[PDB]
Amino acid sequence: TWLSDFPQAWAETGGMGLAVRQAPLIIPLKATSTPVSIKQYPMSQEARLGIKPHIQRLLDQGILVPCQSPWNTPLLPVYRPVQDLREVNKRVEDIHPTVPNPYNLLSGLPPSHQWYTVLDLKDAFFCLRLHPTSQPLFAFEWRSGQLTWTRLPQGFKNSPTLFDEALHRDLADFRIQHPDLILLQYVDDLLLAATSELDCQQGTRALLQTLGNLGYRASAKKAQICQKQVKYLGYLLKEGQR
């Protein structure tokens, strides 16, 4: 099956990802920024007990580490943690947004290619390491002491663009080696298109092999493999329509 033949490529079997070819990211601050330290508003026991097993799993995975930082932003009770990074985002230098909008992205899908595979990458931002100099930016309090992220965090304003650019670099060779395949990238949402079912099969095997090798992980549960009709970015792609 597709699962057993690519155990490294699937999140279900290959473990948490880590983009091994990507240098740990340095996050430049705006020219005038200084650290901001916001007090953690006290969390109810109910919310703390809800968040706790997630924090422990992230610590075990090395995605969170203890630290002491002049930066601090609060965790919200939503349970699983959401960080209010708005004051950090204001202090980080802006980058040009290079993620295309889905409508324009789908224009690059010609009617000759009608065999589709759709993959979504699991915990995509966590696959990108943060440089130790930038890790303290994202610190928060956990009860006492601070923790921070060693990977690109949720809620950081530049994570979608940085991830899209990183995966484009890592898949550039795949594109060159398979010039007859169409590969659309929308951050962690991927579409591969081919002319024949065989070509889609061969291309999907190469893409999964490459993704796992690079340290990314796709969701086996949600994968749509070598279908004539798939759901991608909120569209139903059928008959070459939409």
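The first residue of the sequence shown is number 1, and the count goes up from there. Superpose the two forms; the largest set of C-alphas matching within 1.5 Å is the rigid core.
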Farther-lying stretch by C-alpha RMS in 9 other deposited structures of this protein, rigid core as reference, of 65 to 73 and 39 to 47:
39 to 47
Overlaying the structures in 9 other deposited structures of this protein on the rigid core, point out which of 94 to 102 and 168 to 176 has the bigger RMS C-alpha shift.
94 to 102
Chain break class for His131 to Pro132, judged by how many deposited residues have no coordinates
none
Continuity check for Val78 and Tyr79, given as deposited residues lacking coordinates between them:
4 to 9
Out of 156 to 164 and 93 to 101, which stretch has the higher average CA B-factor listed in the record?
93 to 101
Mean CA temperature factor from the deposited coordinates, higher in 42 to 50 or in 28 to 36?
42 to 50
Listed options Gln185, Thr210, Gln68, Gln177: highest C-alpha B factor recorded at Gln177
Residue of maximum C-alpha B factor among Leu214, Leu191, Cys200, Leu64, per deposited coordinates:
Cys200
Sorting the chain's modelled residues by C-alpha B-factor, tell me whether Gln146 ends up in the lowest, middle or highest third.
middle
Where does the C-alpha B-factor of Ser219 rank in its chain, lowest, middle or highest third?
middle
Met16: C-alpha B-factor third of its chain, per the entry, is the middle
By the entry's values, the third containing the CA B factor of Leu137 is the lowest
Sorting the chain's modelled residues by C-alpha B-factor, tell me whether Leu119 ends up in the lowest, middle or highest third.
middle
